[PDB]
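A, B, ... follow the sequence lines: proteins, then strands. Residue 1 opens every chain. The figures here come from the full heavy-atom set of this structure, side chains too, leaving out hydrogens, waters and symmetry mates.
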Number of protein chains: 2
Amino acid sequence: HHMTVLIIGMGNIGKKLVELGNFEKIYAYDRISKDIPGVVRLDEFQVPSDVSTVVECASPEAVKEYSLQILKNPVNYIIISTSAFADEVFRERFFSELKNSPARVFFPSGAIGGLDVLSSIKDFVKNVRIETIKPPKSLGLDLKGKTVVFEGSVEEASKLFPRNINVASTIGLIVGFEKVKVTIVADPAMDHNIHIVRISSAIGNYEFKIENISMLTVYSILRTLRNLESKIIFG
Amino acid sequence: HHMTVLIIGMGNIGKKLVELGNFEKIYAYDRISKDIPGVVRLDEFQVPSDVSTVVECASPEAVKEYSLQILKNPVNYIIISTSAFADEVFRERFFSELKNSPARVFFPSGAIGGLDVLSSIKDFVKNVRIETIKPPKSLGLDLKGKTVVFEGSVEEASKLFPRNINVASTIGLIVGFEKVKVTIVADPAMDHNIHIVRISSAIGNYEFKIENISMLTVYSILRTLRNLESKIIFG
Ligand SMILES: NC(=O)c1ccc[n+]([C@@H]2O[C@H](COP(=O)([O-])OP(=O)(O)OC[C@H]3O[C@@H](n4cnc5c(N)ncnc54)[C@H](O)[C@@H]3O)[C@@H](O)[C@H]2O)c1
Ligand SMILES: NC(=O)c1ccc[n+]([C@@H]2O[C@H](COP(=O)([O-])OP(=O)(O)OC[C@H]3O[C@@H](n4cnc5c(N)ncnc54)[C@H](O)[C@@H]3O)[C@@H](O)[C@H]2O)c1
């Protein structure tokens with residue numbers, strides 16, 4: 001129940017965070033007009049001086065909008081709309097500011113896993129291929145067989161699928177965007193989405209298959225928060 | 001080059017740590033008589049007052065021997081010989097002391113990955129099955145086909161294979177040892193060792209396949225160390 005936090009975005013993830021997390025005080029900023037529950041609803045975006053951690057779970061646009069200011073504060077800054085970093089200009093600017101920042105940035109693994117291994121051997125990574133397999137229905141397609149609907153860079157995928165591509169962008173932040181190839185497949189035999197991350201490196205080869213039933217992302221954030229003060233740290 | 005550290009065990013991992021890491025001062029404790037290089041060779045185990053982090057890369061026995069004392073110090077304590085925790089008595093004692101400890105314990109993923117996901121959804125995990133597939137040669141066997149050489153609990157495997165079983169013990173620490181089933185297979189079609197971790201949970205199902213070419217463990221430790229002071233944290 002310890003810290004005071006600021007949560008940007010009170011949507012699916014944000015409400016679940018307030019619901020599950022234990023905070024002494026919660027500031028929240030979200031353009032929406034929903035009636036606030038257990039949060040201090042800010043009208044103007046700002047970073048109250050008693051905030052120790054800022055959590056973004058709003059959108060890539062939000063990351064570009066408030067990051068400049070947030071980084072000026074001595075806070076832990078957790079980001080999940082990482083697709084924003086597929087933008088070279090913004091990416092360059094963000095980390096430029098960070099070097100001069102009193103803040104600390106956390107990129108939880110979110111909807112995928114294996115990022116403990118990836119960040120450990122990042123310099124030796126030759127390439128990472130990430131494949132997302134989805135039910136055709138989710139794409140509004142009727143197919144008799146699996147079909148590739150996209151293959152290319154993270155930047156290109158983020159443009160065509162403004163929704164997804166966050167997981168690939170985080171991987172991009174870790175190993176370098178030029179080493180990540182994204183493939184999106186519509187498969188009629190699939191009931192739900194699957195993410196397969198294949199890593200080739202000079203240290204070894206790794207494959208992480210993720211089949212979620214985004215509940216995982218919420219718990220990913222809660223763990224990052226829990227780890228801020230925990231005496232037992234895994235991964 | 002910042003911190004002063006104590007490294008327990010100057011074997012394969014320990015020497016690589018001193019070789020790759022950048023430390024201002026290194027204390028080292030290892031029963032061996034090798035001629036020390038860039039380290040202050042301690043004759044009596046102790047935790048110098050200027051040590052900020054203690055790294056164990058010696059043995060499970062070492063974990064049981066020095067943990068009591070180490071936990072009395074305000075240091076980051078990184079452990080990799082986790083098979084020691086397969087011992088209920090020791091496990092109970094260790095974490096009992098920790099609650100009253102000024103220290104912080106880190107369990108890097110070591111030779112495997114996906115522990116970011118696992119620790120995030122630990123409470124929802126139904127079971128974890130870890131399979132280690134090895135070349136028969138490594139077991140001194142001549143086989144015409146794949147053969148199971150062991151199947152059971154982490155505690156049982158650690159007894160029969162005093163060597164391995166660390167990865168399974170870390171997973172055990174995360175989800176509870178009763179939920180981990182270990183299978184060791186000797187396969188004549190395999191050139192090297194492979195680890196396949198399959199997780200079934202109420203949040204989703206995950207599979208992490210690790211095929212290392214333990215270089216990964218060294219880098220796993222270095223990342224934990226780097227993360228102690230880094231402004232950019234992944235996983
Ligand atoms: N890294 C990952 O693996 C991962 C996983 C799931 C979701 N995400 C991302 O996290 C974000 C939140 O996800 P969600 O499912 O909770 O979304 P949602 O649409 O349900 O909720 C987002 C909320 O953010 C608010 N918002 C958007 N832009 C804002 C801005 N510029 N300023 C203030 N408030 C703003 C919206 O009004 C909305 O209420 C999305 O960008 C999504 O793509 C990342
Ligand atoms: N968690 C993982 O995934 C993982 C991966 C690889 C190795 N390990 C473990 O890490 C440890 C070190 O591995 P290694 O390959 O470097 O081993 P190694 O045998 O090459 O070196 C270990 C060193 O520890 C010293 N040592 C042993 N017990 C000691 C004690 N009680 N007090 C002081 N010094 C002691 C030895 O004399 C030796 O020089 C082992 O227990 C190993 O099983 C864990």
Considering only distance and modelled atom types, tabulate donor-acceptor pairs under 3.5 Å from the side chains of residues 173-183 of chain B, sequence neighbours left out.
| from | atom 1 | to | atom 2 | distance (Å) |
| --- | --- | --- | --- | --- |
| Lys179(B) | NZ | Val125(B) | O | 2.9 |
| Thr183(B) | OG1 | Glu151(B) | OE2 | 3.0 |

For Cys57(A) and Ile13(A) the tightest heavy-atom approach is CB-CG2, 3.6 Å
Hey, is the main chain of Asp50(A) close enough, under 3.5 Å, to the side chain of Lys25(A) for a donor-acceptor pair? no
So do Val117(B) and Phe208(B) actually touch side chain to side chain, heavy atoms under 4.5 Å? yes
For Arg41(A) and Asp30(A), indicate whether the former's side chain and the latter's backbone hold a donor-acceptor pair under 3.5 Å. yes
Distance from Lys231(B) atom NZ to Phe95(A) atom CZ, nearest 0.5 Å? 12.5 Å
Below 4.5 Å, heavy atoms only, C-beta onward: do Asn227(B) and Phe106(B) meet side chain to side chain? no
Would you say the side-chain atoms of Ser96(A) pair up with the backbone N or O of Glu92(A), donor to acceptor, closer than 3.5 Å? yes
Taking atom CD of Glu24(A) as the centre, report whether more than 12 heavy atoms of other residues, nucleotides or ligands fall under 6.0 Å from it. yes
Do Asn212(B) and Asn193(B) have side chains that approach each other closer than 4.5 Å (heavy atoms only, starting at C-beta)? no
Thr82(B) and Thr170(B): side-chain donor and acceptor closer than 3.5 Å? yes
Shortest non-hydrogen contact from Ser201(B) to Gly204(B)? OG-O, 2.8 Å
More than 12 non-hydrogen atoms from neighbouring residues, nucleotides or ligands closer than 6.0 Å to NE2 on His192(A), yes or no? yes
Write down the atom of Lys15(A), the atom of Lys34(A), and the distance for their closest heavy-atom approach. NZ-NZ, 2.7 Å
Grab the two heavy atoms, one from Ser220(B) and one from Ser109(B), that are nearest each other, plus how far apart they are. OG-N, 3.4 Å
Within a 6.0 Å radius of atom NZ on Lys99(B), are there more than 12 heavy atoms belonging to other residues, nucleotides or ligands? no
Could you grab the distance from atom CD of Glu131(B) to atom CG of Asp187(B), nearest 0.5 Å is fine? 9.0 Å
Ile133(A) versus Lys146(A): any side-chain heavy-atom pair under 4.5 Å? no
Flag for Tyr77(A)-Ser67(A): side-chain donor and acceptor within less than 3.5 Å: yes
Any donor-acceptor pair under 3.5 Å linking the side chain of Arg223(B) with the backbone of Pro108(B)? no
How long is the straight-line distance from CD1 of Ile130(A) back to CD1 of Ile184(A), given to the nearest 0.5 Å? 9.0 Å
Would you say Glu207(B) and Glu207(A) make side-chain contact, with heavy atoms under 4.5 Å? yes
Evaluate the salt bridge (charged side-chain N to carboxylate O under 4.0 Å, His left out) criterion for residues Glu156(B) and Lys159(B): first the C-alpha distance (whole Å), next the side-chain angles of each, then the deciding distance (0.1 Å), finally the verdict. CA-CA 5 Å; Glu156(B) 306 174 324; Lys159(B) 296 182 189 299; over 6 Å; no
Without swapping roles, check the side chain of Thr217(B) against the backbone of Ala111(B) for a donor-acceptor pair under 3.5 Å. yes
Using modelled atom types only, decide if a donor and an acceptor are shared between the side chain of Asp116(B) and the backbone of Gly114(A) within a distance under 3.5 Å. yes
Any non-hydrogen side-chain atom of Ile7(A) less than 4.5 Å from a side-chain atom of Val18(A)? yes
Under a 4.0 Å N-O cut-off, is there an ion pair linking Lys64(A) with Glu61(A)? no
Please name the pair of heavy atoms, one in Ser138(B) and one in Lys134(B), separated by the smallest distance, quoted to 0.1 Å. OG-CE, 3.4 Å
Using 30° and 60° as the class boundaries, would you call the ring planes of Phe85(B) and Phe90(B) parallel, tilted or perpendicular? tilted
Close side-chain approach of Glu56(B) to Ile80(B), heavy-atom, < 4.5 Å: yes
Please answer whether the main-chain N or O of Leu115(A) pairs with a side-chain N or O of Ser119(A) as donor and acceptor at a distance below 3.5 Å. yes
Indicate yes or no for a side-chain donor-acceptor contact from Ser169(B) to the backbone of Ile165(B) under 3.5 Å, with no hydrogens or angles considered. yes
Distance in Å, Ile199(A) CD1 paired with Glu211(B) CD, rounded so as to fall on 0.5 Å steps: 12.0 Å
Starting at CG of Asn76(A), measure out to CE of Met3(A) and round the result to the nearest 0.5 Å. 6.5 Å
Spell out, as yes or no, whether a donor-acceptor pair under 3.5 Å connects the side chain of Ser230(B) to the backbone of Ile233(B). no
So, do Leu139(B) and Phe161(B) sit near enough that their side-chain heavy atoms are less than 4.5 Å apart? no
Let me know which of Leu118(B), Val128(B), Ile210(B) forms a side chain to side chain contact (heavy atoms under 4.5 Å, CB included) with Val197(B). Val128(B)
Could you label the plane-to-plane angle of the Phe107(A) and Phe94(A) rings as parallel, tilted or perpendicular, counting under 30° as parallel and over 60° as perpendicular? tilted
Note: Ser81(B) and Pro60(B) closest approach over all heavy atoms is CB-N, 3.5 Å
Report yes or no: does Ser200(A) contribute a side-chain atom to a donor-acceptor pair with the main-chain N or O of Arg198(A) at less than 3.5 Å? no
